[PDB]
Amino acid sequence: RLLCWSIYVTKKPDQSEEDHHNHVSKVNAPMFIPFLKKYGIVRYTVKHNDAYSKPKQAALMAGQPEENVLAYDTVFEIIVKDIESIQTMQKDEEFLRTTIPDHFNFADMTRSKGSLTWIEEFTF
Amino acid sequence: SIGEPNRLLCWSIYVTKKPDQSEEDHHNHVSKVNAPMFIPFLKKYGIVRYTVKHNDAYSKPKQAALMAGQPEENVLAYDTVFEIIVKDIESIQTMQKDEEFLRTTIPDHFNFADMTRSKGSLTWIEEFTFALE
Ligand SMILES: CC(C)(C)C=C=C(Cc1cccc(C#N)c1)C(N)=O
């Protein structure tokens with residue numbers, strides 16, 4: 001069983017959508033991805049709920065209450081073989097000095113959530 | 001009328017299980033009955049990938065490890081999360097119109113899903129697969 005560690009992120013309160021997703025994609029991802037490779041993460045996914053996606057969402061879910069949408073700005077996901085990869089990555093000195101502090105730039109940790117699931121995946 | 005280039009999309013369904021249903025019957029139903037019912041429709045409409053996330057007896061002790069010192073409220077406690085990766089929302093809209101989809105897979109949800117306590121999401125995704133290829 002592969003595991004998936006997901007963090008549902010609400011963006012910084014004084015932060016625009018454009019600044020938030022610019023940061024996540026263009027500054028945080030290149031800073032983050034080296035460590036995920038180092039610790040043998042299988043896949044890193046970033047889900048974006050922004051101006052590009054929101055109209056297609058509205059199209060998909062029109063006529064339901066808006067409350068029916070899980071409305072985080074970004075969802076961060078890594079598929080790992082075990083949680084030791086994550087635990088070990090968390091103890092990494094550079095990860096702690098550079099990428100962990102980076103969350104000051106985009107994530108409101110008081111309005112974000114995490115979830116560790118095990119997955120079944122089917123690729124067509 | 002000229003469109004910005006397409007980005008991969010992820011349609012996520014966040015499912016709370018039927019209240020009168022144990023976790024074990026929830027995930028067995030999801031793995032063993034729904035997923036095979038569902039999958040042929042995902043192929044038929046060119047779905048790129050189908051992921052089922054389980055939050056259950058197997059995953060929870062590891063989730064508790066990762067979230068040491070964090071309140072229960074910080075946990076997204078849906079029982080299962082369904083993700084289909086598609087290249088355009090047209091795949092999904094049209095799959096949603098399929099008569100057998102509506103006849104079998106949609107109503108199967110009365111066997112595992114509390115839809116009043118379920119949510120949906122349509123995002124665009126960036127993805128990095130680390131496998132050397
Ligand atoms: C919560 C969110 C989305 C910011 C995760 C992230 C990181 C790095 C980071 C920072 C703080 C704690 C952990 C752990 N475990 C990991 C990133 N996006 O670089």
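Sequence lines set the chain letters: A, B, ... in the order given, protein chains first and strands last, and positions in each chain run from 1. Scope of the values below: all heavy atoms of this structure, side chains included, with no hydrogens, waters or symmetry mates.
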*Asks:* Looking at A:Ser85 and A:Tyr39, what are the two nearest heavy atoms and their distance?
*Replies:* CB-O, 3.4 Å
*Asks:* Taking only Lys NZ, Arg NE, NH1 and NH2, and the carboxylate oxygens of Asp or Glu, determine whether B:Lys53 and A:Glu77 approach each other closer than 4.0 Å.
*Replies:* yes
*Asks:* Please check this pair: side chain of A:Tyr52 against backbone of B:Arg7, looking for a donor-acceptor N/O pair closer than 3.5 Å.
*Replies:* yes
*Asks:* Cut-off 3.5 Å, side chains only: do B:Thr80 and B:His26 have a donor facing an acceptor?
*Replies:* yes
*Asks:* Can you tell if the side chain of B:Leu76 reaches within under 4.5 Å of the side chain of A:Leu70, non-hydrogen atoms only?
*Replies:* yes
*Asks:* Any heavy-atom pair between the side chains of B:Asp114 and B:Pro19 that's under 4.5 Å?
*Replies:* yes
*Asks:* Under a 3.5 Å distance rule, please check whether A:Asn28 uses its side chain to pair with a backbone N or O of A:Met31 as donor and acceptor.
*Replies:* no
*Asks:* Could you give the distance from CG (B:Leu42) to CD1 (B:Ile84), rounded to the nearest 0.5 Å?
*Replies:* 5.5 Å
*Asks:* Flag the pair A:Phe106 / A:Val27 as yes when at least one side-chain heavy-atom distance between them is below 4.5 Å, and no otherwise.
*Replies:* no
*Asks:* Does the ring centre of B:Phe82 sit less than 6.0 Å away from the ring centre of B:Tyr14?
*Replies:* no
*Asks:* Please find the pair of heavy atoms, one from A:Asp73 and one from A:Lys11, that lie closest to each other, and give the distance.
*Replies:* OD2-N, 2.6 Å
*Asks:* Give the minimum heavy-atom separation between B:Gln63 and A:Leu116, together with the two atoms involved.
*Replies:* OE1-N, 2.7 Å
*Asks:* Testing the basics here: between B:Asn55 and B:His27, what is the closest heavy-atom pair and its distance to 0.1 Å?
*Replies:* O-NE2, 3.6 Å
*Asks:* Looking only at heavy atoms, which two atoms of B:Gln70 and B:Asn74 are closest? And how far apart?
*Replies:* OE1-ND2, 3.3 Å
*Asks:* Would you compute the distance between atom CD of A:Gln90 and atom CD1 of A:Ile100 and round it to the nearest 0.5 angstrom?
*Replies:* 7.0 Å
*Asks:* Would you check if A:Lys81 and A:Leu2 make a side-chain contact, meaning some heavy-atom pair closer than 4.5 Å?
*Replies:* yes
*Asks:* Within the side chain of B:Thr51, is there an N or O that forms a donor-acceptor pair under 3.5 Å with the backbone of A:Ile119?
*Replies:* no
*Asks:* For B:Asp88 and B:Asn6, test the side chains for any donor-to-acceptor distance below 3.5 angstrom and give the result as yes or no.
*Replies:* no
*Asks:* Under 6.0 Å from the CZ atom of B:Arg117, do we count more than 12 heavy atoms belonging to anything else shown?
*Replies:* no
*Asks:* If I take atom CE from residue B:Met67 and atom OG from residue A:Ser115, how far apart are they, to the nearest 0.5 angstrom?
*Replies:* 8.5 Å
*Asks:* Side chains of A:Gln87 and B:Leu66, heavy atoms from C-beta outward: is any pair under 4.5 Å?
*Replies:* yes
*Asks:* Within a radius of less than 6.0 Å around CD of B:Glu4, do more than 12 heavy atoms belonging to other residues, nucleotides or ligands occur?
*Replies:* yes
*Asks:* Between A:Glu121 and A:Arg43, does any side-chain N to carboxylate O distance fall below 4.0 Å?
*Replies:* yes
*Asks:* Is it true that a side-chain atom of A:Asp19 and a backbone atom of A:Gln15 form a donor plus acceptor pair closer than 3.5 Å?
*Replies:* no
*Asks:* Are A:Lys91 and A:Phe95 in a cation-pi contact, defined as NZ or CZ under 6.0 Å from the six-membered ring centre and within 45° of the axis?
*Replies:* no
*Asks:* Can you give me the closest heavy-atom contact between B:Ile89 and A:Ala59, atom names plus distance?
*Replies:* CD1-CB, 3.9 Å
*Asks:* Going through the checks in order, is the side-chain contact (heavy atoms from CB on, under 4.5 Å) test met by B:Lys60 and B:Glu23?
*Replies:* CA-CA 12 Å; B:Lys60 277 152 184 300; B:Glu23 287 190 7; 3.5 Å; yes
*Asks:* Out of A:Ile79, A:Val80, A:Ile33, which residue meets the side chain to side chain contact (heavy atoms under 4.5 Å, CB included) rule with A:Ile41?
*Replies:* A:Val80
*Asks:* Is a side-chain donor or acceptor of B:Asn111 paired with a backbone partner of B:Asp108 at a separation under 3.5 angstrom?
*Replies:* yes
*Asks:* Working note: B:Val15 + B:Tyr78, criterion side-chain contact (heavy atoms from CB on, under 4.5 Å); need CA distance, chi angles, decisive distance, verdict.
*Replies:* CA-CA 6 Å; B:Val15 159; B:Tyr78 294 104; 5.9 Å; no
*Asks:* Main chain of A:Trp118, side chain of B:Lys62: is a donor-acceptor contact present, judged purely on distance under 3.5 Å?
*Replies:* no
